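*Asks:* First piece of the complex, coordinates kept as in the full assembly:
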Amino acid sequence: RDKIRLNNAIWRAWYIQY
Amino acid sequence: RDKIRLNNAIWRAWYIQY
């Protein structure tokens, strides 16, 4: 779950950063 | 390195077990 959560956060963060 | 090592051991172990 926390793995799915981490992946989600990284993907969602990508948009914010780039 | 230890990741490459772990993968190697698991792959090599597969043959021994199966």
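*Replies:* That came through, no problem. Numbers count the residues shown, from 1 in each chain, chains lettered A, B, ... in the order given.

*Asks:* For chain A, which segments count as strands?
*Replies:* Along chain A, counting by DSSP state E, no stretch forms strands.

*Asks:* ranges for the helices of it?
*Replies:* Along chain A, counting by DSSP state H, helices occupy A:2-17.

*Asks:* Return the distance of stretch A:2-18 from the chain's centre.
*Replies:* Using C-alpha atoms, centre = their mean, to the nearest Å, the mean C-alpha position of stretch A:2-18 is found 1 Å from that of the whole chain.

*Asks:* contacts for it?
*Replies:* Counting by C-beta atoms under 8 Å, 6 or more residues apart in numbering or on different chains, stretch A:2-18 makes contact with no residue outside itself. All C-beta atoms are positioned from the backbone trio N, CA, C, and that covers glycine.

*Asks:* could you dump it to CSV, C-alpha only?
*Replies:* What follows is stretch A:2-18, C-alpha atoms only, in CSV (Å, rounded to 0.1, in the frame of the first residue of the first chain):
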residue,chain,number,x,y,z
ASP,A,2,2.8,2.4,1.0
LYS,A,3,4.6,1.4,-2.2
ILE,A,4,1.5,2.2,-4.3
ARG,A,5,1.3,5.4,-2.2
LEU,A,6,4.9,6.4,-2.8
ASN,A,7,4.7,5.8,-6.5
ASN,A,8,1.5,7.9,-6.6
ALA,A,9,3.2,10.8,-4.8
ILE,A,10,6.3,10.7,-7.1
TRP,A,11,4.1,10.7,-10.2
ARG,A,12,1.9,13.5,-8.9
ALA,A,13,4.9,15.4,-7.8
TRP,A,14,6.5,15.2,-11.2
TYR,A,15,3.8,17.4,-12.7
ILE,A,16,4.2,20.0,-10.0
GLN,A,17,8.0,20.2,-10.4
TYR,A,18,8.2,20.0,-14.2
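
*Asks:* Report the buried residues of that stretch.
*Replies:* By neighbour count with 16 or more other C-beta atoms under 10 Å in any protein chain shown, stretch A:2-18 contains no buried residues.

*Asks:* Roughly how far does residue A:1 sit from residue A:7?
*Replies:* Between residue A:1 and residue A:7 the computed distance is 11 Å (C-beta to C-beta, to the nearest Å).

*Asks:* here's chain C, drop it on:
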Amino acid sequence: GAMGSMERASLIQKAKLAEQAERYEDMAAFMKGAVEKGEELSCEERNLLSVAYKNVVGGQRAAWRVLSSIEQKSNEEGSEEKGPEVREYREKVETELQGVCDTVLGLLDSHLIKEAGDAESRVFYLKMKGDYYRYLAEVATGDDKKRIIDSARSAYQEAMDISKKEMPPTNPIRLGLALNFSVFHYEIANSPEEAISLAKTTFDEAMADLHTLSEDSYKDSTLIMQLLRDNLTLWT
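*Replies:* That brings us to chain C, laid onto the chains above:
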């Protein structure tokens, strides 16, 4: 139709084998073959269809992002080392990604949405429709991009209307739909306020009616509820 001569049940079986083998292209191909038999999909089968294509396009999106990042460093003041190669390869990935999205949207329009009777299944496919237009939107430009955004919103919005009327607030498909429509608002439609608003409302209404959790799917529901909260953490 490379799957036209294979039994429906055999295609469903091989999709599951492909899932276990993490062969998502194959899995998508098998599920496409199953859909083309013309029968409705069970809950289990819809999830297989989604998992397959989500992972395929997911790999393509990930690759697109890597190449896009590389391309940002290049073509820039200081890093004067250009060449057409990065763009060309990125466009190659882009074209393939578009090809897969078009395949999925094709299956949805012919013939999963119209053949759906259950309200849960109609929302599921409308959510999917919204998703694969969203993925097209991430790499599109100009008038093409505008049409894509409108199609995504329209699919999501109809899904939302049905889900609010027919499904409890903790239903995983309802939650998953609101989550992704929230993402649409934030990342595609350039409406972060509406993204936060929807995400929050969805979470609070799920909590307000937590008693509606289903024995069959509460793990899915709680996970999406956590994802909503995580996106809110990032976005605020």
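
*Asks:* Could you re-examine the contacts of stretch A:2-18 with chain C now present?
*Replies:* Under C-beta under 8 Å, 6+ apart, the answer for stretch A:2-18 is C:65, C:68-69, C:72, C:183, C:186-187, C:223, C:226-227, C:230-231, C:234-235.

*Asks:* Intersect the residues you listed with the contacts of chain A.
*Replies:* C:65, C:68-69, C:72, C:183, C:186-187, C:223, C:226-227, C:230-231, C:234-235 (C-beta under 8 Å from any C-beta of the partner chain).

*Asks:* ok, back up a step: for the contacts of stretch A:2-18, work out which two are farthest apart.
*Replies:* Farthest pair in the contacts of stretch A:2-18 (C-beta to C-beta) is C:72 and C:223. Separation: 32.8 Å.

*Asks:* The two: which has the busier surroundings?
*Replies:* Neighbours were counted for residue C:72 and for residue C:223 using other C-beta atoms under 10 Å in any protein chain shown; residue C:223 has more, 17 against 12.

*Asks:* List the contacts of the more buried one.
*Replies:* Residues counted as contacts of residue C:223 (C-beta under 8 Å, 6+ apart) are A:1, A:4.

*Asks:* One more pass at 10 Å, please.
*Replies:* Counting by C-beta atoms under 10 Å, 6 or more residues apart in numbering or on different chains, residue C:223 touches A:1, A:4, A:5, A:8, C:172, C:175, C:176.

*Asks:* Out of these, which comes closest to residue C:92?
*Replies:* For the contacts of residue C:223, the nearest to residue C:92 is residue A:8 (27.3 Å; C-beta to C-beta).

*Asks:* Please report the distance of residue C:69 from residue C:89.
*Replies:* Distance, residue C:69 to residue C:89, by C-beta to C-beta: 13 Å.

*Asks:* brain fart, residue C:9
*Replies:* Using C-beta to C-beta, which is the criterion applied here, residue C:9 is 40 Å from residue C:89.

*Asks:* which of the two has more neighbours?
*Replies:* Neighbour count, other C-beta under 10 Å: between residue C:9 and residue C:89, residue C:89 has more, with 14 against 10.

*Asks:* Assess the claim that that one and residue C:96 are in contact.
*Replies:* No: if you go by C-beta atoms under 10 Å, residue C:89 and residue C:96 don't touch, sitting 11.1 Å apart.

*Asks:* list residues touching both of those two?
*Replies:* By the contact definition C-beta under 10 Å, 6+ apart, residue C:89 and residue C:96 are jointly contacted by residue C:63.

*Asks:* Chain D next, sequence below:
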Amino acid sequence: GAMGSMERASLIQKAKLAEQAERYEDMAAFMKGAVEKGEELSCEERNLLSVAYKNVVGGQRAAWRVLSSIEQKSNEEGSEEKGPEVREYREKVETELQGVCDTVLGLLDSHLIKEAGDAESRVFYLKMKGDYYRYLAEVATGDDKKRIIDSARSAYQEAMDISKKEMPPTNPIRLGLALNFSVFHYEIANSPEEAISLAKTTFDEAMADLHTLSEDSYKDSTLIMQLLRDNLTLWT
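*Replies:* Once chain D is put in with the chains from before, the structure reads:
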């Protein structure tokens, strides 16, 4: 030749982009195009060629193993639920894996081995030849399997003879060759004693002449030395 019209340098560039994007099929395709220009490969380029195809066939082998494991549980006393599906899909993976191995061995035979001048490069390609015959051996049967085993041994053995004559005991290619030939003995040729013997000798001779470590590649060398020791742990 889908890569025939692209510049050699551009193909090498796109191989590296594909590596970063973890697009190993593409990477293999680009490096195949580079090889077919007819020029020798630099050290850097040989490694790209190997990394690409190693990962492609690696994914196929992994998938093959998953399906093979599933097939073991089925077709068995107690688990009476057979059907042809598992076999069929496994054979599909098998055929593709054979296709990739044949492509690689084709590139090696025409035209990397004969065009090689440097002793390091000749060993590199002979090691590769041994490897891709080994991968064919893992899924072959009957007289086909026998021919494959002999071809693997012959390629490995010639590589070993050249490497003992021309390269120091800590050279990463020499070490990598002995490691894989050791694996061949254990997993293919059914000679675990010779596998242990070779692995041990290689490690001890590397340690005995540790001073020969190269500034350019000691990390590769020490890693293979550790892999040798790890296989010895498992095998004894």
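
*Asks:* The contacts of stretch A:2-18 again please, chain D included this time.
*Replies:* Stretch A:2-18 has contacts (C-beta under 10 Å, 6+ apart) with C:58, C:61-62, C:65, C:68-69, C:72, C:138, C:179, C:183, C:186-188, C:192, C:223, C:226-227, C:229-231, C:233-235.

*Asks:* Among these, which lie within helices?
*Replies:* Counting by DSSP H, the part of these found in helices is C:58, C:61-62, C:65, C:68-69, C:72, C:138, C:179, C:183, C:186-187, C:192, C:223, C:226-227, C:229-231, C:233-235.

*Asks:* so what's the nearest residue to residue C:81 once chain neighbours are set aside up against?
*Replies:* What sits nearest to residue C:81 in space, not counting adjacent residues and going by C-beta to C-beta, 6 or more residues apart in numbering or on different chains, is residue C:74, at 6.4 Å. By C-beta under 10 Å, 6+ apart, the residues touching residue C:74 are C:80, C:81, C:82, C:83, C:85, C:86, C:87.

*Asks:* can you rerun that using 7 Å?
*Replies:* By C-beta atoms under 7 Å, 6 or more residues apart in numbering or on different chains, the contact set of residue C:74 is C:81, C:82, C:86.

*Asks:* May I see the PyMOL selection of the buried members of those residues?
*Replies:* Here is the PyMOL command that selects only those of the contacts of residue C:74 that count as buried (16+ other C-beta under 10 Å):
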select buried, chain C and resi 86
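
*Asks:* gap between the spatially closest residue to residue C:20 that is not a sequence neighbour and chain B?
*Replies:* Using C-beta to C-beta, 6+ apart and skipping residues adjacent in sequence, the residue nearest residue C:20 is residue D:66, 5.8 Å away. Distance, residue D:66 to chain B, using C-beta to the nearest C-beta, to the nearest Å: 10 Å.

*Asks:* What of residue C:142?
*Replies:* Counting by C-beta to the nearest C-beta - residue C:142 and chain B are separated by 44 Å.

*Asks:* do the same with residue A:7
*Replies:* 18 Å.

*Asks:* What about the closest residue to residue C:165 other than its chain neighbours, how many residues nearby?
*Replies:* Leaving aside its sequence neighbours, residue C:165 sits nearest to residue C:119 (C-beta to C-beta, 6+ apart; 7.9 Å). The tally of other residues near residue C:119 (other C-beta under 10 Å) stands at 14.

*Asks:* How about residue C:109?
*Replies:* 12.

*Asks:* Report the secondary structure state of it.
*Replies:* helix (DSSP: H, G, I helix; E, B strand; the rest coil).
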